[PDB]
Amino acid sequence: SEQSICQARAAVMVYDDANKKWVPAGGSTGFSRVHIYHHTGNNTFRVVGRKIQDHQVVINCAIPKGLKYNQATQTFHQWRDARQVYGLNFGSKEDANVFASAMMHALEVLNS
């Protein structure tokens, strides 16, 4: 379904460039439920990630229309914003593919 396409479980990651290491976003190992939400009132999209166990929000960001979203592997996607690199480590290839499709749709909307 469309709404099911708009979320997926993944570990949210950030890249420590100085030490060349991927680390958990928010410092919290584990998967989050990662959603793309269409905030229609101001015509924005947000990516919101909340940890599956403790339910802490680890990412909550507006998607910029010029985002370069890279599908680096079958289960790991990444993007930059502000020289800060974020990643999503999906639990499965199928969920990675559906979330990518959701992101690409959001970017199409934001650029029309």
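We call the rigid core whatever largest set of C-alpha positions still superposes within 1.5 Å between the two forms. Start at 1 with the first residue shown and count on from there.
Using the rigid core as the fitting frame, the root mean square C-alpha deviation in 9 other deposited structures of this protein is greater for 82 to 90 than for the other of 64 to 72 and 82 to 90. Choosing between 5 to 13 and 20 to 28, the greater Cα displacement from the shown form in 9 other deposited structures of this protein, fitted by the core, goes with 5 to 13. The deposited model assigns a higher average Cα B-factor to 82 to 90 than to the other stretch when 82 to 90 and 67 to 75 are compared. Judged by mean Cα B factor in the deposited record, 54 to 62 ranks above the other of 39 to 47 and 54 to 62. Out of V14, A18, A102, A11, it is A18 whose C-alpha atom has the highest B-factor in the PDB entry.
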